[PDB]
Amino acid sequence: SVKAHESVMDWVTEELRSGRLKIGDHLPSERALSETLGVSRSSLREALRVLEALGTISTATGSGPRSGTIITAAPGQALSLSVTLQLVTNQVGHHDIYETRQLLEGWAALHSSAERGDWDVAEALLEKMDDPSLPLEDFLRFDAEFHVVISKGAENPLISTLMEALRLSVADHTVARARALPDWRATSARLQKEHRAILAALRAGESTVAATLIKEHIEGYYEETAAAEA
Amino acid sequence: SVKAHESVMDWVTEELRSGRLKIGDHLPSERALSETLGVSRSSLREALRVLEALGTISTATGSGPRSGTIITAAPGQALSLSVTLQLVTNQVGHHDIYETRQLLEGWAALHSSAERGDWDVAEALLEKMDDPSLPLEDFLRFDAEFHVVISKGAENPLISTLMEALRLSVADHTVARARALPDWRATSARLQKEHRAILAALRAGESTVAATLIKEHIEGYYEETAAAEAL
Ligand SMILES: [Zn+2]
Ligand SMILES: [Zn+2]
């Protein structure tokens with residue numbers, strides 16, 4: 001219930017604040033927590049089931065004696081589901097998603113610091129993406145992941161969380177745009193070349209160059225799929 | 001039921017695509033849906049309660065759950081729950097929230113249309129915020145809502161979606177920093193004047209003026225609280 005939900009949020013918040021608990025730690029059993037909060041065991045399980053679906057909480061099987069309910073504090077898919085659902089209606093269009101990426105990625109690139117980038121993780125993603133047999137959908141899923149990873153160079157975790165939360169809707173968007181592409185082989189090749197030149201600029205600390213390349217990369221794909229007609 | 005969730009999402013998506021239902025419309029009954037989707041009544045209800053939490057649907061219109069459930073396709077509070085928990089553990093800092101607001105709010109104002117924002121609604125928020133007997137928690141709660149309201153004036157609707165998803169965290173953020181303010185009466189006074197001017201610029205189509213004022217507004221409060229910290 002609401003009472004249970006808020007009681008839990010306030011409780012977890014205070015545990016994290018005091019240091020008694022840390023992200024990744026297991027919560028007390030439902031029996032114990034429900035008594036501590038003064039709420040029915042039923043309303044507590046429901047509140048936790050919802051928090052689990054949202055990503056705030058996560059469950060690990062086989063944890064006994066530990067509860068198996070972990071404080072993860074992940075944004076979940078709510079934001080992506082809202083973006084993608086709105087996209088179906090006249091309320092939101094592909095260009096709106098495209099432009100959102102430009103705003104966020106542009107800011108991250110502009111403020112990127114070479115010593116802060118998880119460059120090896122990003123380059124590995126690009127490694128899997130060169131696989132000639134790799135399906136169009138998987139390639140674009142890694143593509144969106146790659147863009148989230150390189151945005152970490154700006155070391156702004158909130159911006160990074162927003163990027164991660166939008167990841168699913170970004171892939172949904174590029175995948176749909178790709179449907180009308182005449183030659184995915186050639187397109188993915190150019191995208192890969194651009195991805196590496198972007199990563200190189202970021203590695204060299206050429207923030208302004210990286211930002212320009214990212215802008216041209218995202219816009220290039222958007223215009224290309226528009227021409228293909230989709 | 002993970003299938004109940006998928007079955008419902010797929011159903012809602014198609015109703016929206018076909019045009020039979022649009023954002024804001026009511027869902028049919030659970031009895032009707034349970035059958036149509038081939039999912040137990042209990043599993044269907046579990047999925048709907050999650051969809052409600054996700055922001056996809058809502059039963060808080062008319063007179064509450066009694067008035068039914070409508071399709072909202074909104075962000076919900078998930079991201080804010082995440083952000084505020086990370087804020088508490090220092091995984092995310094006040095500084096990060098500040099930079100993010102400047103980015104999102106500035107763009108929304110810079111690229112807005114006077115015919116797009118519901119200024120009277122925003123104006124009404126500022127009227128409640130005028131009350132000198134209003135505690136700072138409530139004031140700042142309305143403050144965050146106000147900023148989300150004016151962001152809907154942006155040509156890109158998604159900016160307001162991101163703003164809405166961040167709303168509760170922004171409020172948590174500003175309230176936390178206000179506590180240390182040596183003179184809240186004076187502070188809230190300058191914020192209202194600044195809010196009015198911002199709303200005035202936007203209402204008049206002065207996108208560039210609005211964006212500059214929002215930058216100074218958000219920056220002003222951040223530095224002021226950054227100084228008012230007891231230490
Ligand atoms: Zn890319
Ligand atoms: Zn304000």
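In what follows, chains carry the letters A, B, and so on, assigned in the order in which the sequence lines appear, proteins first and then strands, with residues in each chain numbered from 1. We use all heavy atoms of the structure for the numbers below, so side chains are in, but hydrogens, waters and symmetry mates are not.
Contact annotation for A:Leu21: neither backbone nor side-chain heavy atoms come within less than 4.5 Å of a heavy atom of chain B. When heavy atoms are compared at a cutoff of 4.5 Å, A:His111 does not approach chain B at all.
Counting heavy atoms from C-beta outward, B:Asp96 and A:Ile159 have side chains that stay 4.5 Å or more apart. The shortest side-chain heavy-atom distance between A:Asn156 and B:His95 does not fall under the 4.5 Å cut-off.
The shortest heavy-atom contact between B:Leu54 and A:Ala78 is O-CB, 3.6 Å. B:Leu104 and A:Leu103 get closest at one heavy-atom pair: CD2-CD2, 4.0 Å.
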Do A:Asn90 and B:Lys22 pass the side chain to side chain contact (heavy atoms under 4.5 Å, CB included) test, and can you show the C-alpha distance, the side-chain angles, and the key distance before you say yes or no?
CA-CA 9 Å; A:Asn90 289 348; B:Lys22 248 52 86 74; over 6 Å; no

What verdict does the side chain to side chain contact (heavy atoms under 4.5 Å, CB included) test give for A:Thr72 and B:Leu85, after you've listed the backbone C-alpha separation in whole Å, the side-chain angles of each residue and the deciding distance to 0.1 Å?
CA-CA 9 Å; A:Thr72 299; B:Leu85 289 191; over 6 Å; no

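The number of heavy atoms from other shown groups lying within 6.0 Å of CZ (A:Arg20) is above 12. No more than 12 heavy atoms of other residues, nucleotides or ligands sit less than 6.0 Å from atom CZ of B:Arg45.
One distance of note links CG of A:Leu158 with CG of B:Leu87; it measures 9.0 Å at 0.5 Å rounding. Interatomic distance, B:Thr56 OG1 to A:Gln77 CD, rounded to the nearest 0.5 Å: 11.5 Å. With values rounded to the nearest 0.5 angstrom, B:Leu168 atom CG is found 10.0 Å from A:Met9 atom CE.
Note on B:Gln86, B:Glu164, B:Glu155: by heavy-atom pairs under 4.5 Å with chain A, the leading option is B:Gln86.
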